[PDB]
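Here the structure comes first, spelled out in structure tokens, and everything after it is commentary.
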Amino acid sequence: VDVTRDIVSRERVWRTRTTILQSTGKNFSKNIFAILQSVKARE
Amino acid sequence: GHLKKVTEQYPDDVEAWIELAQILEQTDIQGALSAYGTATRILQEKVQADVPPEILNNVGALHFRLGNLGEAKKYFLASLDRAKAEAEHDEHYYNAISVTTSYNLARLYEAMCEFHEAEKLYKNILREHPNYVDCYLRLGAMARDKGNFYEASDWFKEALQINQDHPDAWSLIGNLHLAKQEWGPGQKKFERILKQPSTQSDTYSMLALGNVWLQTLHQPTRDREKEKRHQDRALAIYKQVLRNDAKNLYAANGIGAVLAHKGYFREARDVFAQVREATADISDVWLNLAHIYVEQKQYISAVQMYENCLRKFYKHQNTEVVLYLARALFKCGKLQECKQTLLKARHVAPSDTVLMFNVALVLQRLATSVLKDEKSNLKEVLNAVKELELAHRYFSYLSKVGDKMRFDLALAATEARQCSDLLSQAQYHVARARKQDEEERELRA
Amino acid sequence: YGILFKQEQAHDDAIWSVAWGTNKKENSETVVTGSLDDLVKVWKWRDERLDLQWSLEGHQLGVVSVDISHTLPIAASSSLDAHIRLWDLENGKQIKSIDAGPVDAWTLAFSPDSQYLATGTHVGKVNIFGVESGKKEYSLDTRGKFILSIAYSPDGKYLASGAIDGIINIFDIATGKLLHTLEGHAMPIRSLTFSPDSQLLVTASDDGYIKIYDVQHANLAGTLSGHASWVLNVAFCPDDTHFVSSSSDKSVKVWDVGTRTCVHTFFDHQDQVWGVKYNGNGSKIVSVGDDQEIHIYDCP
């Protein structure tokens, strides 16, 4: 039916699952994978 | 920038604020609310034209995320009225506007502690548009609240059948199996159905796999080179999701978890540092950070976290939180108050054996702490014997129970011998209590 | 509709139950409260003020339930200590101590005749002890998980039991036999009470839904959407016009038994309210909770 495309075409979804997953800020892996590799190196 | 430019000047602006809000929805909700507020009043000077229902619906939606639940409800009702007034707006489909307005209103009522009205409104949507998904799923969630085997489990699968290409529905199907973890290894298949490249990349399902693979941890079979491989597989999943997304907090969370399991608590704090700094308002981070603290002989820094996690309006006495609360407590305030919280927990559900065992253990700890090296107040010696007797009765009772905490409690015999020699010591120290009594007596004389 | 009295720091420890009388047998004027501080405080609600009258002790563990005999001015208090101790409000003295060992002791249930005392059992049965005997007279052979709530009908015709999994067991105190087993809930039933007319049965499950069923034909009379947290305690207005609900969200909702509508709500408790009870007329509604403050709510 047309109702589906009628609604989905005008609505807006600001947040979804992945949006929840990522932090709102800027937290890159540079400060993380560094330790992730250091620990392995010691092992 | 363009909106900023137009805002200052007033070239008879009518719709500029509409755009302002339309952009600000993702950003600070209040900016959009203010934009809508000013826009509402800018639409009555040129003519006496009733505000279109869409704007009022959108502002009510903004409020819905806020505490203005009643105000948002009034907005939604007015939007429904106005949309109904749109008899000649078939091209704009006033019907769809009313549909979304009612959907939002039902969501609010479900959030307003009125599930009857939420169900009624969702069913009013269903009767007129069965091809819709979200309401069919919210009804299932509402029925799930009472129980996971009720029409929730059926409505979710039916929603998937009518739309198998809906990630939300399939993830919900994946969630159904979470209530019963007996599908530990088997839930991999149902969680890999939609991992096809067309759906990829999907971080939600990948993190679900990482979790269900982490759940397998905490077993005594690690020495069999089995839990190590599981750790390695989970770590690899986390690394991949980290590479493809460096801003996903949950990957870092799971990495910190596995490192703690690897024994790097001194190093677990650093990794959990970033996740906490991003957003500490997630149940898991509190508990993991408390785990690290309590591991370092810091109950001072752990009990507060456990309390804060319990500050949420979901429960008051959770069993797991208290179980993690009493780890190495030996101080006066961490034994008697530990008993208080233990009773609080067992109050909601006494059926657990672990509570009945920890209570007796702390009872014995206190009894020996006052009946071995004391030589303390007398009335305490009077109460210690009653406490030890109750601990002994519980020791007798706990032995007859079949199932245990995945570990048989046949090791209560040492507890019985401890209680026996404690009884002997108490019968010995009551004499000391009497001597102290006669001492204070001759003193006052 | 408001709050009359506000007792601050009513106890050292959190209060989990409250008992107030309804008859004229020197009970409606005295409020008996059981808290985790092992303090059975017999408050005399005299001069429209809550004044302490007795302070009974002896329970090793915190008080779990408190209730006043309908046809008698004495009371009793239980705890998880397996030592249900009877008390007399006339003198503030202990009558006896039923040692419901080793651990088998749960909330109390005064019979309307004030002759029998029902107690839940970990084995899932409901033991019926004698008030003047203290020995196990007869136990209801309806096993399962555990008895979480027991209530006596005001006229003593039926008796319902709330299990850990939303299983209502309708027994017959007239013959001590299980009549109906209403299973409209899957959540642990916290507490329940009979309507003043012994016609409706309210269930306080952990789903936030007040499903009021019918006892005569064991049917659901309607699903009512309560609070957001778990409904802890529930009581009927003695005139049988409304019923208060105590939940785990600092909310005291007075729902209408007839219209299933919230006639009023109180938010004066900073913590969760554990106990709510009416007055002998239904105007005053005493309330307890983790806040350790007794709030008397006046609803003329």
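Residue numbering for chain C follows Swiss-Prot, covering 5-304 in order.
According to its header, this structure was worked out by electron microscopy, 3.1 Å.
Using the three backbone atoms N, Cα and C, a Cβ is placed for every residue, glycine included.
Features as listed in Swiss-Prot:
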type	residues	note
REPEAT	C:14-57	repeat 'WD 1'
REPEAT	C:62-101	repeat 'WD 2'
REPEAT	C:104-143	repeat 'WD 3'
REPEAT	C:146-187	repeat 'WD 4'
REPEAT	C:188-227	repeat 'WD 5'
REPEAT	C:230-269	repeat 'WD 6'
How many of the residues that make up the repeat 'WD 6' (C:230-269) does DSSP mark as helix, as strand and as coil?
0 helix, 19 strand, 21 coil
Within-chain partners of the repeat 'WD 6' (C:230-269) [C-beta distance under 8 Å, separation at least 6 from its ends]:
5, 21, 26, 194-201, 204, 206, 208-214, 216, 275-286, 289, 291, 293, 301, 303
Residue distribution over DSSP helix, strand and coil in the repeat 'WD 2' (C:62-101)
0 helix, 23 strand, 17 coil
For the repeat 'WD 1' (C:14-57), what are the DSSP-based totals of helix, strand and coil residues?
0 helix, 24 strand, 20 coil
